[PDB]
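Here is how the chains run, residue by residue.
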Amino acid sequence: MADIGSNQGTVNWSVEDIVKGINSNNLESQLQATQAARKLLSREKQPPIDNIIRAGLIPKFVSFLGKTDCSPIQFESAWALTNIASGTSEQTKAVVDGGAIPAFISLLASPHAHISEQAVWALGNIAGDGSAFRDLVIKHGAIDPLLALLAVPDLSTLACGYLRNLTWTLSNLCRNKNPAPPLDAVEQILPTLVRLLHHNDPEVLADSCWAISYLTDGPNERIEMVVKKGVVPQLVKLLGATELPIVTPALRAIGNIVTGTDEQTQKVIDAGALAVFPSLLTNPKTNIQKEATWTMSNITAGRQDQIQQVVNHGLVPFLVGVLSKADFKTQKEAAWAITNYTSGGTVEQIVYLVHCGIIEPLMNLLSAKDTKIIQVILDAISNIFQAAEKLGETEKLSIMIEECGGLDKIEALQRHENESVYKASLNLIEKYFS
Amino acid sequence: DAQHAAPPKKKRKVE
Amino acid sequence: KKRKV
């Protein structure tokens, strides 16, 4: 979707000159002026977006989008408008206010690939502004034409840059949450999205995953319409991809899905997702590690038979590892994973947790400046003592917590300031210790 | 590779 | 238990 010049004299034009040319009654002079404008808006640094808007050029550019007889000016103005729309919400608004949406949607059917591609790009920028413009683009009927552009036997016959553009614009139509995209628009888009999720290009796969992650971020009903399409196995596969740009959105999508129902969570387990976590929980990239632990916490919050799966895959030692050493935010997710595990696990599963060495690292964290994680941890111990109570082992556990220095940190918290904390402590103290 | 952020909300065409 | 983004 890219261009040139007439460019000895279309480079570095002044805005007054551009206005002069566009105001001439000459289509060719307007074309030259529009290209000059595009070049100012397309330069490497500080494009004069506001100056162009103030000159009142948008309405002219929009009208040039409809000049089928001069494809070059359609393309140049489409590019100019695209770059104005790439700015602030206010700059994107000016483009919308000029009536650009229906004009760009009309250009989607252009016989010229580079022109329909620019139209796609522009709509991506407009929809990317947020919920309102996203939904306005949809109301103008952008989805059908966009989907038609991908209606081919094999995606591979499409120009690579062209396909990446369509995928990205489609993902923005699935983006944002207050409100989320119209249910029927999501249903209309899903089938094509599933197809892109199986394409071989790394950027198309990444953005496809991001779109899926957007769609799974919300009520269980939204998660269900995605899981229903049977994409989980594919998401699990991409979860093991070598490229971080693909793994990140794949893990996010998987993580959103396990925040749903036990039935929906069971789907990721059935697909074999847990076998990838030994690697995800030790990933060099700290964000992956964080999201992986976060995902584990929503799985340990599941059924006992699901917690057992976590056990069978040998993931408890990995949780003990993250709890012992990791970026603090990851350690916080681990604490949650542990408290959720102890909250719904069987006595045997909880005993196992202690046998893996969860106690010491858990106590060492009680010394963190984060009342939230502290509550979570004290809460975890309570659940663990309760398991040892049903075993008349409440004493062997007290020693352990005393051995590693736990008590010397719980009593100190007993004198905390947050009622939730000092109360929780005191209770544990007088109930299990001295 | 690249990693971390979600795709840009808007993209300006430099070329 | 199940907490979201």
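Everything discussed here concerns the structure shown above.
Residues numbered from 1 in each chain as written, not as in the entry; some residues may be left out. Chains lettered and ligands numbered in written order. Heavy atoms only, no water. Residues with missing side-chain atoms left out of burial classes, pairs and counts.

A. Representation of the pattern of salt bridges in the model. Residue and element names in this part refer to chain A. On inspection of all chains with the given rule, the structure shows twelve salt bridges over all chains. Between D217 and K177 there is a salt bridge; the shortest N-O distance is 3.5 Å. With a gap of 40 residues between them, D217 in the loop between α13 (202-215) and α14 (220-227) and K177 in the loop between α11 (160-173) and α12 (183-196) connect regions that are remote in the sequence. Of the charged contacts, one joins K332 and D370 as a salt bridge, the two residues approaching to 3.1 Å between their closest N and O atoms. Of the two residues, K332 is situated in helix α22 (residues 328-344) and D370 in the loop between α24 (359-365) and α25 (371-389); the sequence distance between them amounts to 38 residues. Its relative accessible area of 23% is what places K332 among the partly exposed residues. (Salt bridge = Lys/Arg side-chain N within 4 Å of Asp/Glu carboxyl O. Helix = DSSP H or I, 4+ residues; strand = E, 2+ residues; numbered from the N terminus. Buried < 20%, exposed > 50% of the residue type's maximum accessible area, 1.4 Å probe, protein only.)

B. Structural view of the interface of chain A and chain B. On the side of chain B, 15 residues touch chain A, which itself brings 37 residues to the contact. Within the residue set of the side of chain A that touches chain B, elements represented by two or more residues are α2 (27-42), α5 (71-85), α6 (89-97), α8 (113-127), α11, α13 and α16 (244-257) of chain A. The class makeup of the residues in the side of chain A that touches chain B is twelve nonpolar, 17 polar and eight charged. (Contact = heavy atoms within 4.5 Å. Nonpolar A, V, L, I, M, F, W, Y, C, P; charged D, E, K, R; others polar.)

C. Representation of the nonpolar core. The biggest cluster of nonpolar side chains holds 155 residues, and the ones touching the most others in it are A:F61, A:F104 and A:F277. The leading source of residues in this core is α25(A), at eleven residues. (Core = buried A, V, L, I, M, F, W, Y, C linked by side-chain atoms within 4.5 Å.)

D. Up close: the arrangement of the chains. In this assembly, two pairs of chains are in contact, and the pair contributing the most contacts is chains A and B. A gap remains between chain B and chain C, which never touch, and the nearest two C-alpha atoms on either side lie 14 Å apart.

E. How the structure looks around the packing of aromatic side chains. Residues and elements named next belong to chain A. Taken as a whole, this structure holds four aromatic pairs over all chains when the rule is applied. Between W210 and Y214 the ring centres are 6.5 Å apart and the planes differ by 35°, which places this aromatic pair in the tilted class. Note that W210 and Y214 are positioned in helix α13 at a spacing of four residues, about one turn of the helix. For the pair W210 and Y214, a shared accessibility class is recorded, and that class is buried. Aromatic rings pair up to connect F385, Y432 and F433 into one cluster. Between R38 and the ring centre of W79, over which it is positioned, the NZ or CZ distance is 4.0 Å. (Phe/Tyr/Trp six-rings, centres within 6.5 Å; stacked < 30°, edge-to-face > 60°. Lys NZ or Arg CZ within 6 Å of the ring centre and 35° of its normal.)

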